[PDB]
Amino acid sequence: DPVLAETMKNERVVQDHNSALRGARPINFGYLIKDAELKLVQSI
Amino acid sequence: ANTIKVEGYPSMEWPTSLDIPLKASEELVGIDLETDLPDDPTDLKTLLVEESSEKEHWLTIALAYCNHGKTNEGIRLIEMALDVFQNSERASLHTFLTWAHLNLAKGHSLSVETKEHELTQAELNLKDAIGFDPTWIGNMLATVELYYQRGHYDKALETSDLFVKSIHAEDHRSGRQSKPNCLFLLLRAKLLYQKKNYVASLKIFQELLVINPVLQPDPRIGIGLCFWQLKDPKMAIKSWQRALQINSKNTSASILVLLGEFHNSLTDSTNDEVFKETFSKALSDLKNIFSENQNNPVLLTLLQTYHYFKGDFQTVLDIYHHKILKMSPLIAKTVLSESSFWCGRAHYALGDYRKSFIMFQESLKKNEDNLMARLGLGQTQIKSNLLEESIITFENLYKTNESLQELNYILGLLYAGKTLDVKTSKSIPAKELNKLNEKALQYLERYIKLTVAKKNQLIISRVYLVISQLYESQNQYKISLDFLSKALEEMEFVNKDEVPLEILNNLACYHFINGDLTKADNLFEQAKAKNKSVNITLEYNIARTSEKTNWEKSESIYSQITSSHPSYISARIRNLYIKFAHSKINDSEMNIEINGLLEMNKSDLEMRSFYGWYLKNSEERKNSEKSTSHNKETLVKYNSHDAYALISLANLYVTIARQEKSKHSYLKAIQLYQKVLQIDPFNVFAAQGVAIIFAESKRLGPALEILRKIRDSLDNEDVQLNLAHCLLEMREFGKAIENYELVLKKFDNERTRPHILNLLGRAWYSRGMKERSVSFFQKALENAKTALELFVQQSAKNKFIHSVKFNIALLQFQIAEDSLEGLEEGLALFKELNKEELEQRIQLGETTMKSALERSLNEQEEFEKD
Amino acid sequence: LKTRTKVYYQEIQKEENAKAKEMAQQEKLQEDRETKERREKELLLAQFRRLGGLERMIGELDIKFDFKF
Amino acid sequence: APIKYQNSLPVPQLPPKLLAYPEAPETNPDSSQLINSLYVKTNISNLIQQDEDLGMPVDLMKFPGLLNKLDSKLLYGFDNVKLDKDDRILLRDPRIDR
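Residues numbered from 1 in each chain as written, not as in the entry; some residues may be left out. Chains lettered and ligands numbered in written order. Heavy atoms only, no water.

Per the deposited record, determination of this structure is attributed to X-ray crystallography, with the resolution reported as 3.11 Å.

If you look chain B up in the PDB entry, it shows as CTR9-like protein from Saccharomyces eubayanus. In the PDB, the structure is listed with the title "Structure of the four-component Paf1 complex from Saccharomyces eubayanus".

Going by the PDB entry, chain A carries the name CDC73-like protein and comes from Saccharomyces eubayanus.

On to the overall build of chain B, then. Helix and strand counts for chain B come out as 43 helices and two strands. If you line up chain B on its principal axes, its C-alpha atoms span 180 × 70 × 50 Å. Counting all 866 residues of chain B, 50% fall into the buried class. Surface accessibility of chain B: about 42800 Å² in total, with carbon and sulfur atoms responsible for 50%. When the 106 basic and 116 acidic side-chain charges of chain B are each reduced to a single mean position, those positions are 7 Å apart. (Helix = DSSP H or I, 4+ residues; strand = E, 2+ residues; numbered from the N terminus. Buried < 20%, exposed > 50% of the residue type's maximum accessible area, 1.4 Å probe, protein only. Areas by Shrake-Rupley, 256 points an atom, 1.4 Å probe, with all protein chains shown as cover. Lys, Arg positive; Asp, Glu negative; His and termini not counted. Charge placed at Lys NZ, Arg CZ, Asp CG, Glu CD.)

To describe a pair of aromatic rings, one takes the distance between the centres and the angle between the planes. If you walk through the whole model with that rule in mind, you get 34 aromatic pairs over all chains. Linked through ring pairs, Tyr308, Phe309, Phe313, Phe341, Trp342 and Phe360 of chain B together with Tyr39 of chain D together constitute an aromatic cluster. Here the basic side chain of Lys486 of chain B rests over the ring of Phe483 of chain B, its NZ or CZ set 4.5 Å away from the ring centre. (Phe/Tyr/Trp six-rings, centres within 6.5 Å; stacked < 30°, edge-to-face > 60°. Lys NZ or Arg CZ within 6 Å of the ring centre and 35° of its normal.)

With that out of the way, let us pick up unusual backbone geometry. In the Ramachandran plot, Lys231 of chain B falls in the positive-phi region, its phi being about 65° despite a non-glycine side chain. Following the sequence through the fold, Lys231 of chain B ends up in the loop between α10 (219-229) and α11 (233-246). A positive phi is found at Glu34 of chain C, a non-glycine position, where the angle reads about 60°. Locating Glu34 of chain C in the fold gives a position in the loop between α1 (4-31) and α2 (53-60).

Bringing the pattern of salt bridges into the picture now. One pass over the structure, following the stated rule, counts 34 salt bridges over all chains. When the shortest N-O distance is used, the salt bridge between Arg150 of chain B and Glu123 of chain B registers 2.3 Å. You can see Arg150 of chain B sitting in the loop between α6 (137-149) and α7 (153-174) and its partner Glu123 of chain B sitting in helix α5 (residues 112-132), a full 27 residues away along the chain. The partly exposed category is assigned to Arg150 of chain B, whose relative accessible area is 27%. Residue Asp87 of chain D is joined to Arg242 of chain B by a salt bridge in which the shortest nitrogen-to-oxygen separation is 2.8 Å. Highlighted residues: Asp87 of chain D in helix α2 (residues 85-89) and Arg242 of chain B in helix α11, drawn from two different chains. Grouping residues by exposure puts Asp87 of chain D and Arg242 of chain B together as buried. A single salt-bridge network, built from bridges that share partners, covers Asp218, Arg220 and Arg242 of chain B together with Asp84, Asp86 and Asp87 of chain D. (Salt bridge = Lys/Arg side-chain N within 4 Å of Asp/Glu carboxyl O.)

What follows covers the interface of chain D and chain B. Contacts between chain D and chain B engage 85 residues on the former and 159 residues on the latter. Counting the surface lost from both chain D and chain B, the interface buries some 11400 Å², and carbon and sulfur atoms represent 64% of this. Here chain D is connected to chain B by six salt bridges. The shortest N-O distance in the salt bridge between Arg220 of chain B and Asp87 of chain D comes to 2.5 Å. At the junction of chain D and chain B, the tally comes to 47 residue pairs in polar contact. When contributions to the side of chain D that touches chain B are tallied by element, the ones reaching two or more residues are β1 (18-19), α1 (32-42) and α2 of chain D. Among the elements that make up the side of chain D that touches chain B, the one with the highest residue count is α1 of chain D (ten residues). Considering only residue class, the side of chain D that touches chain B consists of 46 nonpolar, 21 polar and 18 charged. (Contact = heavy atoms within 4.5 Å. Buried area = accessible area lost by both parts, 1.4 Å probe. Polar contact = N/O pair within 3.5 Å; in protein donor to acceptor, adjacent residues only side chain to side chain. Nonpolar A, V, L, I, M, F, W, Y, C, P; charged D, E, K, R; others polar.)

Okay, the interface of chain C and chain D next. Across the boundary between the two partners, chain C contributes 15 residues, which contact 19 residues of chain D. Here chain C meets chain D over a buried area of about 1500 Å², counting both sides, of which 60% is carbon and sulfur. Looking at the side of chain C facing chain D, the largest losses of area belong to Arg4, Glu16 and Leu51 of chain C, adding up to 31% of the total buried there. Applying the counting criterion to the chain C and chain D interface returns zero salt bridges. Where chain C packs against chain D, one counts six residue pairs in polar contact. Looking at which element gives the most residues to the side of chain C that touches chain D, the answer is α1 of chain C, with ten residues. Grouping the amino acids of the side of chain C that touches chain D by side-chain chemistry returns eight nonpolar, three polar and four charged.

Now for a positive patch on the surface. A cluster of basic side chains, namely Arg708, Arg711, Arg731 and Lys735 of chain B, defines a positive patch on the protein surface. By the element assignment, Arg731 of chain B lies in the loop between α37 (717-730) and α38 (733-744). (Patch = residues over 30% accessible without salt bridge, like charges linked within 9 Å, V, L, I, M, F, W, Y side chains within 5 Å.)

Let us now look at the packing of helix α14 (residues 297-309) of chain B against helix α16 (residues 333-349) of chain B. Residues and elements named next belong to chain B. The contact between α14 and α16 brings their axes to 10 Å, and the two run at 20°. Between α14 and α16, the interaxial angle falls into the category roughly parallel. Between α14 and α16 lies a crossing whose hand is left-handed. From α14, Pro297, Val298, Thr301, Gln304, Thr305, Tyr308 and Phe309 reach across to α16, where they touch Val335, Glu338, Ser339, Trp342, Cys343, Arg345, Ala346 and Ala349. (Axes fitted to C-alpha atoms, helices over the stretch in contact; angles between N-to-C directions. Parallel < 35°, antiparallel > 145°, perpendicular 65-115°, else oblique. Left-handed = near helix turned anticlockwise from the far one by under 90°.)

Attention now moves to a negative patch on the surface. A cluster of acidic side chains, namely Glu273 and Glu277 of chain B together with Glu27, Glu31, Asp32, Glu40 and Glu42 of chain C, defines a negative patch on the protein surface. Along the chain, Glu27 of chain C falls in helix α1.

Another aspect to go through is the nonpolar core. Residue and element names in this part refer to chain B. The biggest cluster of nonpolar side chains holds 305 residues, and the ones touching the most others in it are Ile61, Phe96 and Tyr740. In terms of residues, this core owes the most to one element, helix α35 (residues 684-696), which gives ten residues. Residues within four places of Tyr740 in sequence aside, it is in contact with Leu721, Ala724, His725, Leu728, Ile756, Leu759, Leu760 and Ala763. Membership of the second largest hydrophobic core comes to five residues, among which are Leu820, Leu823, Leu827 and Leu853. (Core = buried A, V, L, I, M, F, W, Y, C linked by side-chain atoms within 4.5 Å.)

Residues and elements named next belong to chain B. Taking 1.5 Å per residue as the helical rise, helix α24 (residues 477-491) with its 15 residues ought to reach 21 Å, and the 20 Å between its terminal C-alpha atoms agrees with that figure. Here α24 has its buried residues at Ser480, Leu481, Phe483, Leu484, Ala487, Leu488, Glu490 and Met491. The inward-facing, buried residues of α24 abut α23 (462-473) and α25 (501-513). (Expected span 1.5 Å × (residues − 1).)

Structure, rendered in structure tokens:
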């Protein structure tokens, strides 16, 4: 399907499926790794 | 009228009649210099030799000859007096011959050999005259003028200053006052203009007006030149207009007025109506002035510009190669540079970039400050795949032309196109990539600043598109959308219908990303109105934009995309989903089709995601065997850190973790949560799984905080239900209940209304059990009733029917504390539920409760009586 | 150096400079205003003054030459 | 009801596709229209100087009495000329509209 190949070559992606996850707004969550690792290694 | 004539001003007009005395006193032979001049100077030479005529009569008649356009005839006539007058009487004759040969070497209707011959004859007669009378000002002025005409400008200035010094000294020695010599002042002002000292030359050219407003060479030409070079075109054009008004036969003044007409037509015009006639008058004047000055390089270059703007590129090349190139050594370097610039423009428009490069290079060789020629050279470098070379050219131009709007636009587009290239992202580190993006934004935003400051000029609408692309690459959707909108406005604020298809489509995609799909469908259809590829693309976009309203309008477009182009993966995924979630399918023909689509595009990831969602989310494949196998397969022997499938694996592994290997599985899930949080902190679902693990194992303090934060981005029913779960576990009811009604009004999920009503029974359990409450218990019971109804109606026969029924039984029992009627229904349902001790308690409690409630009711009726 | 030529030139220079500077000052504030600015928005929508318009307009011109080159 | 936390991943949301822009050769950096936009501003200035003589040829054949009667009186101008207003405005300094 060559016309479809032209379609594909003329198409950009606004959000791949990982980008789709985050939602309507962005929350930092950069502290979550630190706090989670600490609290769950205290239980370790 | 080759002489300045103004009412009230002096006049430097020659005696129009000369009468010669006859030898021995019949002293009236009239010779009228306009009319009675023989075309053969020998006829008057005989008269002059006969009557022993004076030397000045010879000179006077020869000057009258030369001032009528017959310089060769007068030259001959004085050359005939050279062998008559002899020995120091011929000094003034040599001065006249010097100046006449100087006049003959003035014009581009000449040759290099002819000009050299006339200049050499001039300086030869000058040597002869200096031999006799070296201090007569005619010879000194001829010296300085010869130096000027041979290009030796600072040497001429040196000798002119020395001559002025000597004259001042001689006059100061003899007590007489030195008046300014207008010719020395003129020469000095021209030499200073050559020195690029425009202010001093302007002052001299202005003082010459006061000393003599009739001076031919009109100083006004020079004051206009200096006004122009000092960035005052108005007064320059005014002075040239004055010079033409004073002598309508001055051709330099007319050509300057013509250039000024072109300039004013291009700048002062406020609309195309005024411009098309001002420029037309300029072109007609150009034609007329050209018809008798066909060797004029300025007029020829003007013709070149016109024919370029007319599309006649061959005539530009012809003017260059057939007129200018032949008289090339005789014309000034700047005019040559501009004509070569126009030849190069013609080459550039014809696609010949080698010749255009050569021509712009020649133009720069003749005038390095030819700004537009350097721009053409940079554009030729762009065309010749010399990108970095063009950027070097433009950035070197930027040091002096920092506020040039077109140059900022060019450099910004260049840097942006370099930034949006994949090769450069592969070749250089990321920080350099972002510095490049920043530099492109720098140039483009400075261009926008410069163009808005001059509120008369229109913005090139593309710069906003490029800024939006630059911000889009960095996932800053907000600024990109704002710049795309700003481009749409200005784009539609000129030519209201020709906006490119892609602007409305991409704006609609952005409006789909954030907010509802009302304007997105509008823009998608406006793009559909105005290429086979665009049809498929925006048809998928419209079908994807309707999945919330007229779901079945989406189904049809999806089918006909698949009914004619059965290889668009997104169309098939979304189609199977939409009609699946709209219930035009059974679980078997899903699998088949989905499996057909699964291992069709087996290897890569998007389809797989949908595959995972099928198994996990709704029908048959909840069994984890396939899930483990395939959601691992997404990561087996690939390096993919991708978030969806590995997060599914992690969280559905912690679902199994729900007992030393339980510790094992919990720490595995925590590990994977951290790992996926590393690559993307904004991954809301990883933080939500961490809130789950925090909330599950009795650390429901920070978990509620994390969930409260998560709801600021995610707004699904799932995470909010999770929120309301942790609040019931942690504390009292309103935080728990307040969120369950908000769950129900989040989505029309008929399965989660079941999911809601049992834990709603729990929520009203906890606080009617805090203390006896007879008004709240009944609405608790109502919610539990709706629970059991929703569980009996559906094809769901889980533990839910049993448990829902009991919770209602306990609600009935506690409400009996139309009271007896609910009590009887409670007895009935608890008998239907008939562990052992509980049902024997039920027997004794029926015996107690039915009678005791009848007692309470009769007591209540008796006290209602009174 | 106190000649009538120098002094005359300098005082005419002074007078014309003063006149022109004062005229430039009073131009934008008072001389031409009251919605004539928005007629200069017509100048904004000019074809010859925007991209590609110079050729187009010049193409529309009826006058042309009889070439000899 | 039991408590059971579910990190329900979203549906593989592939939103509408974007379209790349077509050719705009008039607005590319290699466009001659930029040079024409510049021409509208600085158009004919490299032409005001017509020759090295600056349009002001020195003749000496325009001063009566000079080249014939050896009377160099007209090279020193005239006395008490009262310039017209057009010639007097020309005497002012440049760029005075600032």
